[PDB]
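Chemist: just need the structure, nothing else, for what follows:
(chains A and B, ligands or ions: 14)
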Amino acid sequence: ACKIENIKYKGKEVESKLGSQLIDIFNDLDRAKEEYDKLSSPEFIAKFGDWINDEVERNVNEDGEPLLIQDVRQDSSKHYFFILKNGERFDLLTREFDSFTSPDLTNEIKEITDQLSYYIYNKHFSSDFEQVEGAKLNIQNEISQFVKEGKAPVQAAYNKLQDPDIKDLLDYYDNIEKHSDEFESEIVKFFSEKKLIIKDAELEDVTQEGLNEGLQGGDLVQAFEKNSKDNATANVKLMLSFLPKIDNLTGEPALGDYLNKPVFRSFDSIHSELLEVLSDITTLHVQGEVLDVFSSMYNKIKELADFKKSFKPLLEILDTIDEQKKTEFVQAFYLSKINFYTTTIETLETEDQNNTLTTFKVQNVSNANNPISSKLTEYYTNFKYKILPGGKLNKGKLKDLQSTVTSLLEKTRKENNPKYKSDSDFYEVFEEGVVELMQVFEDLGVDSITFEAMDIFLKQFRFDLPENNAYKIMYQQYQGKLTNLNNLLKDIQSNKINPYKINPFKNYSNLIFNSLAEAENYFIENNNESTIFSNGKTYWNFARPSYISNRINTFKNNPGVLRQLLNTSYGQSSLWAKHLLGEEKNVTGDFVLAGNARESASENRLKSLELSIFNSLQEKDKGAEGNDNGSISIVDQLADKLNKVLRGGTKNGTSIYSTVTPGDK
Amino acid sequence: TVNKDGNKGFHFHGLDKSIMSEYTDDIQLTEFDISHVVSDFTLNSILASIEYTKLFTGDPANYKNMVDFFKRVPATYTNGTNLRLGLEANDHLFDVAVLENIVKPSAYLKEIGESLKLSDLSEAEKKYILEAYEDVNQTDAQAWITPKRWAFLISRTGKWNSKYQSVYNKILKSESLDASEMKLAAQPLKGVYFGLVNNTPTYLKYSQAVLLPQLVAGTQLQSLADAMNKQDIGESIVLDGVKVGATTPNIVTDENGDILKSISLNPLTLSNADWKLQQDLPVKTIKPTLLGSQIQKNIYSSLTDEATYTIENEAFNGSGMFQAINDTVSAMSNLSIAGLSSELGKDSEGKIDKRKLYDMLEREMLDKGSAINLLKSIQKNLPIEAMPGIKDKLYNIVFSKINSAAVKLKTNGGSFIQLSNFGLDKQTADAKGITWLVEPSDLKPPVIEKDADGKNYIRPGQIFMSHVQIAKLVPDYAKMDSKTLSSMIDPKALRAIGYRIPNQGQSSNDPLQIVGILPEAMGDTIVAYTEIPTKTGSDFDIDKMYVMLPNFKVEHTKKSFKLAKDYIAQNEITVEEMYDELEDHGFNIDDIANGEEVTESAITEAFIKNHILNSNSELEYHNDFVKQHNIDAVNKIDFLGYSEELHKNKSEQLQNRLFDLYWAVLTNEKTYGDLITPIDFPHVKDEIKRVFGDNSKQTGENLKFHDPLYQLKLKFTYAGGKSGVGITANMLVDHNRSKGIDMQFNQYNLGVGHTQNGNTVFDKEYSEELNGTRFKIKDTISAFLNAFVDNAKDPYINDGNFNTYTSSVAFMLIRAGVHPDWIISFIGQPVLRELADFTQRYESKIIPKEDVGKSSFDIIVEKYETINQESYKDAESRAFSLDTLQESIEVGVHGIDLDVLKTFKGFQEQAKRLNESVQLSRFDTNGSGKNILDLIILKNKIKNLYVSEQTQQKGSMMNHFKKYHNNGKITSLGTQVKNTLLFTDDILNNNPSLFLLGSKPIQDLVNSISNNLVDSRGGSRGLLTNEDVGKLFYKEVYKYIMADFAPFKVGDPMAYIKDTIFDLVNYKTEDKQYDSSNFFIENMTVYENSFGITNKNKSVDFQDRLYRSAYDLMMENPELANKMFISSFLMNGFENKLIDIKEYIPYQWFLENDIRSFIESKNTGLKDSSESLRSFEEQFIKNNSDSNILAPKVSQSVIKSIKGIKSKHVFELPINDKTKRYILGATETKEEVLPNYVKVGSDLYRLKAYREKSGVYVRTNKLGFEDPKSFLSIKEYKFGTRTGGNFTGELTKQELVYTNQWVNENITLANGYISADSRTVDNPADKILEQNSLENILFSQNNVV
Ligand SMILES: [Cl-]
Ligand SMILES: [Cl-]
Ligand SMILES: [Cl-]
Ligand SMILES: [Cl-]
Ligand SMILES: [Cl-]
Ligand SMILES: [Cl-]
Ligand SMILES: [Cl-]
Ligand SMILES: [Cl-]
Ligand SMILES: [Cl-]
Ligand SMILES: [Cl-]
Ligand code: NA
Ligand code: NA
Ligand code: NA
Ligand code: NA
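Modeler: Numbers count the residues shown, from 1 in each chain, chains lettered A, B, ... in the order given. Ligands and ions are numbered 1, 2, ... in the order given. Sharing the structure here:
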């Protein structure tokens, strides 16, 4: 008991009915009296009225207290508020999931919701989904049944010997059942988002509007205006949703520290990775063998499952899955990368002559803010903070880093011995040095650095490959990168590379920081979608394949057709087939490259070949005034085409040839 | 160009220094270096084009010709769902048969001629129509696939399911689909194909109708289908459906046109890897379908008062129908918006229920799917302005509901894919398949016939269609004999009205009669008479046809009523609950006089009918009922009836009334001509091609077809039409709408075109007569529309200089009445073509402007002033003759250049007036706009056109408001704008406590700031009519209003956020030592001067987890979260920037900091006095001073220095020919007034005084901070008082205070400088706008003698 009493009738046996209401709705005996004493504050009396001395008529309960008004919404949400003199809403700021009190509350309720969703999925949707739609099942019964099932053995362990920890676990499961309708709402949202919703009214409205404006057919909405996740059926969506996070230490699926039930990896990150690796895979007639796209895809997964073990069960699922669901997975990721070329023009004036000169730079916006390159820029700005305060190079601390890395190189030269062969030996001799590298990288601006990544950074991205003999590889990388740092420092101290103009991390990207950014991105989930933003519209960087993309992917992954193209009457004069295939001929008929050079050349020439779509042309720092393929003037497009064609004349440059004009597309 | 030493050379724009260095490092280019660069470009691009033909397109010899080659190139671009192969046998191949084109003469040719004899049409015109119907392409781009092929295609695209397996098994066994499988029908696949079959390019553009056994049963086509099953031929495409690479087509027809009894096809094996399902069009059965925006106004084209249109018990003339139709559609609108009114509790004054508004918004956000943060913000009934993340979306939702209710009117119907009637209307043996409702016969076109009374009507065309409505209402309809179904459904219920968007004419609309119901498994499939392609100008791969269908009145079985009564008494649904669920209340308003409170049986019967025996109902009573009880087949289906009194009619009744009115229009004698004329209108095409040449015949001299320049020009030529199709459709539909009213220029005559009382009058029937020919305006606009829509098939319209520079003037000339030949000769004049090309070339980024501000027109007039040695001042605007224009094109005529330029500029300015009228004639589509700003601009445009008409301004537009209200009778568009623009304006005005940004003070503020702006060429912008300035206004006014919020009031913004950034990164570092991270902080990317999230797209779960993590931070480290939120406002001002995090700031933070009281006090403070907003204006201009319209950039050349002080600090702008661009207008005393704010170079100036005809400008401070390296656009605002920027440099502050010293020392009247505060523009419009309300302005109808 010890309930709260009416302040207006202070010093009497009466209790606060409003106080009991507040007690019932906040579930905290202290917080209810706290809010009640907040009500008696003078500001509330002035804004609402004096119920302690005078007797108000409008906004009062039976016993003379400001009544709580409960609004139940269309989604059965309960909100509590007061009405003041003005008629204004005094919101009571009630919270959902009050019983759970973790300071990191978000991932706690996420773990519980994900486990309930996995329970219901494995029970009902494990076979098929498109017939039940989460309506045959009753969520509430499933919540209660999961609670009972997870509670039974804990109740037995409690009956064996009384322990407050076991009672705490029992109360935690009871609390999971207590908020069963809120978890129901969360998982209804989870399951409804998977199945795509068809919308006929506004679809027909926009179709009629586009036909009025003159958009015949598929040209109504562009392919890259539709997101790639709409291609993944709800079965594939769930199948990718319930994959476990592997523990970075034990190398096995990790457990949620709240319920000791395995926690699952985000769907968005998995979908992004699989798009990156499963895209641009198409059917091929390679050597009289028609390629089942599902196989190559599968192989990719398997290969990827050797690096990131989180995908081990997905592969497993693809083995124990129906052939129809195999096709559903295929069409979920049977897409093509669609990268956008934006031409930025910048005009400057000469130093002395005071005449104009321009520069055209064609950037790939689709894979522009990729996870690796962004990290480099993330380094650079963080490097500006720690080493360049206000534009002054802290050469003292940088020389300190030089001394540290040189002493580390001395230690490597001193303690190197071939008898060391395992990773344990390498760590036994160099853990302190690895930690000092962590510190020098952190001081250089790699704030996000973590020891685990360093492991991979020293393992040269070989995980199950090294096996017993691994000291060499690691050591190599160690000294290599260490030496490179010294060189970088000697280039940044002696001002061969000035930090104020050119980004050092970009310069030493190949030698040091590409691998480092890759290694520390291995542990972070990227929930973003591969999209771009162009002239107010949002475009997606993966689109359902086209004939031209299929043809280029065939040239890249089955070059033999090119040979057959050279064997036909018309395709015999192809310069591009010969160039891509390496059989470049001279003025008399002899090959310009030797056999060893021809094989390597064709590989690189095929890899560099890149289909793209012209996104926009824009003046530097004025992207809002940009022109796409529809609004660009003939003069601007002619200049862009000129520079794109002639850019192959400069060394370390490549030309970009547009196709034959595709009618009115 | 010439360098410093006087040597000549070349400078080449748009070539970057990196490539130019590869030729010569010198600053100047010689002729040889230009030859080098151009030769490199040309030859390499030619070789690349050839390579593309070698690797991707294929040998161009396989194409019809070189001209069609570029039209077929898009095949290489085709995208679609490619299909999975390689898993059984020969996956990668499928056999196709290429068939002959089916080109017949119309079987009913005699009847079409005998009907045209009654059409009151020209003789050569009738001959043209008849000979056009002598050559009908029946199967243009048509294909048929076997059900096996359909199943393969769907299974390999992942779309297969067990219910597809059921419907496929039923398709093979000719079993009728149940109600659940209707959405799983085998409608024709919208696929496309392009591949290289043995190094021959094969391109297949076609629709893949599935040869269901139920379709081919009992018809000729069966034979065809049979062979395909026997020969494992999956697909069958007509020759016109295989653009390139077709083998010799195999013949399948007899001498008499019948198809062969036994067929053996020559197969062509293709590759499945090259096939792709291009459009996955869904299956949408008979449903509420949005009535086409174009047809409901193009129907007036054939209305004539010389006819009598007769519906049941009503008869109208041409004029009456106009009103009648309008009246009916108006009624619909009034009904719909009334419903919305009840949804909002709209008072008589206009105040609405806050609870109901937020309920509607919550339901829409729930249905659409919303982040829990934003939906909780809505649920808390917070004021719309207190929710920064979603304020714009909520305004959008309100506007969308209003427009959709009042404008997006619906009838019964659907969208249907066309299928050729090749072997389907000609029957053999007995047809168990197609459910025939009449005696089986050929599908016949619309012809004129006599009824019993002898009056000539139009026999409607005959149609096949999957009437899913009948199938669900009458199951087992395919079982029934013809006679029982014929009597069962009302003959007036088997009719339909089929239109095609775009409606290029009355031919696109057809009145049709359903002679047979196709199998349900053909989905949205429509089979029409054999001549519909020639009439409608339609292929069979064009988009879905639209049709409007009648609504049904159904007689349900007595057993259905008995079972429903047993269920409703068993389940204990109370008598009131029924009444409660039937919010329609059809009897409560007027039929309770006898009903009162006593009648329960009526409400029970109506509830049964409307929510238990109604197949489509959301109440779920029908579904739970059909769970165990099974409904019975309806006894009779009838045409639902209407009343003459529109208030008696509900929505369905009004829909059917509109249907019958359109039927009477489309089935009348006098309209047959307009119905049967094929859609090609050739006068403009033929004149363009005779005067400028036929470009359909081209040769590749000098390797032209691979030249980059030729391909670029061809791309632009093809892309021209996508712009013109929309404007031409609008122009046609407006002319058809406004034919009766005589819109005219007040005191302006173009010199050509029809005139009334010395004024150019618009939208007469015919054009002027010129050389014995005169053409209807309808026909000319239809010809232009057809040119634009078929631009890809033949790009002739651009050859006549008809482009976006000349479109407005061309259509003004058309509607004025000018002969098409004269328009073609005038717009196609060579000097105007030079003007157009130079307009495009001039605004380009590559070519720098010699004199910015000199318009392209000015450059051209100066060129031809120098060439002709004449002055444009002494040139006049002359209405020329054809011989002058036509000759000048063929052989130059001297002395007419400057005159045609003057005529074109005058015509262009008056075309501005006409297009201003057209833009206010689009309330039946756009409504009041999608945004609040669009409503502002629409209202201001209405007011401006009104005050221009009333002031009797010279080139004004008259009789425009007769489009809303004419002949004392409200019109369709008038009602539309009444309950869209005026409705939303009433809501916004009469609910100031809710919509602050929509309140009258904010609108008046934007009107004032717009009036204080100067449009180029010397105008005062007046009321807010420019879109960009309005967008800037609202985006900055939200910041200005929010700047008074107590947490946001922090001095030195830049420093503050920096501190925040510091704190931020610290958190990150420390979090590493805890190994349990905060999701909100993890997704933050810090820049040099800002922080936020990447603007890449984000799923709802990701946003929700971000919001939850931000709320967890609000509890863990509340000061850091507070700092981050304040920085989120200071950095961006809730504007949709590239690093915005406003939608993840928990609403708990705004509520906790008392945003409710803040917004409510702001509302009640602006309710009585708008003084608090007074200090906003300058800050606005001082923050976005980069805008060339807020602060016009004045050339330093025309600037004149003043004694004592440097030019940079204070200068004087004199009124001049070169400065006429800046005078806003005249004061009361005829004094000229200059703009308040002007920037020169990179310095801002505010006008201080006037000396004589000159105004003095002094430097002032800029506000805000711009850092593109960090995506940072800080704006500095203070509410109610003036503010000083914290970012102006120290030396700049010293210079400014010294300038202030000097200007205060000697600018006084003793020196002759009148202070700027005296000069204000004298606006005449203000009086009119004060004395007239928006309603009276829109409807006019003020009494006169
Ligand atoms: Cl120059
Ligand atoms: Cl590139
Ligand atoms: Cl760099
Ligand atoms: Cl693509
Ligand atoms: Cl584009
Ligand atoms: Cl099958
Ligand atoms: Cl807005
Ligand atoms: Cl409606
Ligand atoms: Cl091109
Ligand atoms: Cl960005
Ligand atoms: Na051949
Ligand atoms: Na051949
Ligand atoms: Na004329
Ligand atoms: Na300045």
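Chemist: can you pull out the strands in the stretch 1-150 of chain A?
Modeler: Remark: strands assigned in the stretch 1-150 of chain A by DSSP state E, counting those that start in this stretch are A:69-72, A:78-83, A:89-91.
Chemist: contacts made by the longest one with the rest, please.
Modeler: The contact list for strand A:78-83, computed with Cβ atoms under 8 Å, 6 or more residues apart in numbering or on different chains, reads A:25, A:48, A:58-59, A:66-73, A:89-92, A:94, B:379-380. C-betas here are computed from N, CA, C, even on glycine.
Chemist: circling back to that earlier point, make JSON lines out of the strands of the stretch 1-150 of chain A and add distance to residue B:58 and mean neighbour count.
Modeler: Putting the strands of the stretch 1-150 of chain A into JSON lines (distance: least, Cβ to Cβ, whole Å; neighbours: other Cβ atoms under 10 Å in any protein chain shown) gives the following:
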{"stretch": "strand A:69-72", "distance to residue B:58": "67", "mean neighbour count": "12"}
{"stretch": "strand A:78-83", "distance to residue B:58": "66", "mean neighbour count": "16"}
{"stretch": "strand A:89-91", "distance to residue B:58": "69", "mean neighbour count": "20"}
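Chemist: need those in JSON lines with distance to ligand 9, can you?
Modeler: Shown next, in JSON lines, are the strands of the stretch 1-150 of chain A (distance: least, Cβ to the ion, whole Å):
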{"stretch": "strand A:69-72", "distance to ligand 9": "61"}
{"stretch": "strand A:78-83", "distance to ligand 9": "59"}
{"stretch": "strand A:89-91", "distance to ligand 9": "60"}
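Chemist: off-centre distance for whichever strand or helix holds residue B:124?
Modeler: Using DSSP states H and E, residue B:124 sits in helix B:123-133. When C-alpha coordinates are averaged (Cα atoms, centre = their mean, to the nearest Å), helix B:123-133 and its chain have centres 36 Å apart.
Chemist: before we move on, what about stretch B:565-585?
Modeler: 44 Å.
Chemist: in it, which residues are buried?
Modeler: B:567, B:568, B:573, B:578, B:579, B:582 (16 or more other Cβ atoms under 10 Å in any protein chain shown).
Chemist: so the first one sits against residue B:612, correct?
Modeler: Yes. Distance between residue B:567 and residue B:612: 7.4 Å, which falls inside the contact criterion (Cβ atoms under 8 Å).
Chemist: what sits in contact with each of those two?
Modeler: residue B:625.
Chemist: include distance to residue B:1127 when you put the strands of the stretch 1-150 of chain A into CSV, please.
Modeler: Shown next, in CSV, are the strands of the stretch 1-150 of chain A (distance: least, Cβ to Cβ, whole Å):
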stretch, distance to residue B:1127
strand A:69-72, 33
strand A:78-83, 30
strand A:89-91, 25
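Chemist: ligand 5 contacts on chain A?
Modeler: Within reach of ligand 5 by Cβ under 5 Å from the ion, chain A has these residues: A:628, A:629.
Chemist: what residue lies at the spatial centre of chain A?
Modeler: Central residue of chain A (Cα atoms, centre = their mean): residue A:526, 2.0 Å from the mean position.
Chemist: residue B:163 belongs to a helix?
Modeler: Yes. Under DSSP: H, G, I helix; E, B strand; the rest coil, residue B:163 falls within a helix.
Chemist: quick check: it vs ligand 3, distance?
Modeler: Taking Cβ to the ion, to the nearest Å as the measure, residue B:163 falls 58 Å from ligand 3.
Chemist: contact partners for that residue?
Modeler: Per Cβ under 8 Å, 6+ apart, neighbours of residue B:163: B:180, B:181, B:184.
Chemist: which of those residues lies closest to ligand 13?
Modeler: residue B:184 (60.0 Å; Cβ to the ion).
Chemist: for the closest one, grab the count of nearby residues.
Modeler: Number of residues near residue B:184 (other Cβ atoms under 10 Å in any protein chain shown) recorded here: 20.
Chemist: neighbours of the residue lying closest to it once chain neighbours are set aside, just the number please.
Modeler: Once flanking residues are discounted, residue B:184 sits nearest to residue B:167: 4.8 Å by Cβ to Cβ, 6 or more residues apart in numbering or on different chains. By other Cβ under 10 Å, 24 other residues sit near residue B:167.
Chemist: wait, residue B:167 sits on residue B:521?
Modeler: Yes. Counting by Cβ under 8 Å, residue B:167 touches residue B:521, with 6.4 Å between them.
Chemist: overlap in contacts, the two.
Modeler: With Cβ under 8 Å, 6+ apart, residue B:167 and residue B:521 have common neighbours B:177, B:185, B:186.
Chemist: dump those into TSV; add neighbour count as well.
Modeler: Shown next, in TSV, are the shared contacts of residue B:167 and residue B:521 (neighbours: other Cβ atoms under 10 Å in any protein chain shown):
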residue	neighbour count
B:177	20
B:185	22
B:186	28
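Chemist: how far away is the residue in chain A that ligand 7 sits nearest to from residue A:626?
Modeler: Ligand 7 sits closest to residue A:536 of chain A, with a gap of 14.9 Å, by Cβ to the ion. Residue A:536 is 10 Å from residue A:626, where distance means Cβ to Cβ, to the nearest Å.
Chemist: neighbour-wise, which of the two wins?
Modeler: residue A:626 (19 against 6).
Chemist: about what we covered before: which strands or helices does the helix or strand following the helix holding residue B:124 pack on?
Modeler: Next along the chain after helix B:123-133, taking DSSP H and E as the criterion, comes strand B:136-137. Applying 3 or more Cβ pairs under 8 Å, 6 or more residues apart in numbering or on different chains; DSSP states H and E, we find strand B:136-137 packed against strand B:103-104, helix B:532-536.
Chemist: what's in contact with strand B:136-137?
Modeler: With Cβ under 8 Å, 6+ apart as the test, strand B:136-137 has contacts from B:101, B:102, B:103, B:104, B:105, B:106, B:240, B:530, B:531, B:533, B:534.
Chemist: is it fair to say residue B:1028 lies in a helix?
Modeler: Yes. Checked against three-state DSSP, residue B:1028 lies within a helix.
Chemist: and it, how far from residue B:1005?
Modeler: Taken as Cβ to Cβ, the span from residue B:1028 to residue B:1005 is 17 Å.
Chemist: these two: which is more packed in?
Modeler: Remark: of residue B:1028 and residue B:1005, residue B:1005 carries more neighbours, 22 against 11, as counted by other Cβ under 10 Å.
Chemist: neighbours around the residue of the stretch 101-250 of chain A found nearest ligand 3, how many?
Modeler: Closest to ligand 3 within the stretch 101-250 of chain A is residue A:224: 29.6 Å, counting by Cβ to the ion. Residues near residue A:224, counting by other Cβ under 10 Å, number 24.
Chemist: could you do the one 10 residues further on as well?
Modeler: Residue A:234 is surrounded by 21 other residues when neighbours are defined as other Cβ under 10 Å.
Chemist: check residue B:801 too.
Modeler: Residue B:801 has 23 neighbours, counted by other Cβ under 10 Å.
Chemist: now for the buried residues of stretch B:565-585, which pair is the farthest apart?
Modeler: Spanning the widest gap among the buried residues of stretch B:565-585 are B:567 and B:579, at 17.6 Å by Cβ to Cβ.
Chemist: gap between residue B:403 and ligand 4?
Modeler: In terms of Cβ to the ion, residue B:403 sits 35 Å off from ligand 4.
Chemist: residue B:928 is in contact with that residue, correct?
Modeler: Yes. With contact defined as Cβ under 8 Å, residue B:403 and residue B:928 form a contacting pair (6.1 Å).
Chemist: which residue does the stretch 351-500 of chain B bring closest to ligand 3?
Modeler: Counting by Cβ to the ion, the stretch 351-500 of chain B gets nearest ligand 3 through residue B:389, at 36.0 Å.
Chemist: so that residue, which state does it fall into?
Modeler: coil.
Chemist: which non-adjacent residue is nearest it?
Modeler: Nearest residue to residue B:389 in three dimensions, chain neighbours excluded: residue B:1143, at 3.8 Å (Cβ to Cβ, 6+ apart).
Chemist: list the contacts of the one you found.
Modeler: B:371, B:373, B:374, B:389, B:390, B:1103, B:1107.
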